[PDB]
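Participant: Got a structure here, written out as structure tokens. Questions coming.
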Amino acid sequence: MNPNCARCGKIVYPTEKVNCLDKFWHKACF
Ligand SMILES: [Zn+2]
């Protein structure tokens with residue numbers, strides 16, 4: 001039940017918890 005990127009679709013590992021509004025993305029997916 002891992003957080004998938006709100007843009008690409010892949011799991012956002014705890015390494016790459018991008019801070020948008022309220023959820024998780026990756027670096028280039030911000
Ligand atoms: Zn992504």
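By order in the structure tokens, chains are A, B, ...; within a chain, residues start at 1; ligands start at 1, following the order shown.
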Please find the residues contacting ligand 1 at a distance of at most 8 Å between atoms, with only C-alpha atoms and all ligand atoms counted, and report them as JSON, numbers by chain.
Facilitator: {"A": [4, 5, 6, 7, 8, 9, 10, 11, 12, 25, 26, 27, 28, 29, 30]}
